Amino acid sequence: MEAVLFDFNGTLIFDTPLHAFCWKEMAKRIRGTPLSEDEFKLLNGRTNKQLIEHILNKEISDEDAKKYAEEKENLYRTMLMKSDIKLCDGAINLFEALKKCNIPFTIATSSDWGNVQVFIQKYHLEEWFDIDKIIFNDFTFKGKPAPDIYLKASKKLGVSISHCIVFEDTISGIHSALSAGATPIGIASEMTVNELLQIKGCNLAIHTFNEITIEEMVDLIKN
């Protein structure tokens, strides 16, 4: 095993309920009624543009989408900062154990810089991460499920993608890892362990990072 690539949202922090609240609040502001629980189950995982188009019930331009997406992300960042959402159980321990083993690791996220700034600020990520090797959406690559984000992360760490572990919490993110050639381990923050195992090419899923060891991860790659 040459590296570990961590997804952030839904993987290192369990922030999906907060995203749901922010989209429900945005729906209420824009259309006058929040998204129902059934609406959000249908929509969870779609792009910000698709969410706003659902709320307006109309296809819009990329530039329209960016403006309302930024309103939603401003609400999310503000709530996240004052929330007590912590890094997932066992994550910090894994971070320290990895450095002690001289195994490089970094974060890849679909989040734009606005959100990443909050992540670094709130979670003191410079304690464990070189901030310049955190991969985020800077609009220079295709998002998940495309492989681009994880090839970008492996190249930043100077390692071969096929000897990388990726921790991911969504269907599109698991398929980004698989398409890149990395070995994914699912984080059961929204899907169950068994639901993540039903994906072809996902052969281990866990609830928290307390449930994984360096040795389990090395063996998964060798297999």
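Residue indices: 1-based, along the sequence shown.
- For the segment pair 83 to 91 and 114 to 122, the entry gives 83 to 91 the higher mean B-factor, averaged over Cα atoms.
- Averaged over Cα atoms, the B-factor as recorded in the entry is higher for 206 to 214 than for the other of 7 to 15 and 206 to 214.
- Highest CA B-factor among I55, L43, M191, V159, as stated in the entry: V159.
- Looking at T109, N74, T140, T106, the one whose CA carries the top B-factor in the deposited record is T140.
- In the PDB entry, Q198 places in the highest third of its chain by CA B-factor.
- Compared with the other modelled residues of the chain, the Cα B-factor recorded for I131 ranks in the middle third.
- In the PDB entry, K49 places in the lowest third of its chain by CA B-factor.
- Annotation for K66: CA B-factor lies in the middle third of the chain's modelled residues.
- In the PDB entry, a CA B factor belonging to the lowest third of its chain's modelled residues is recorded for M26.
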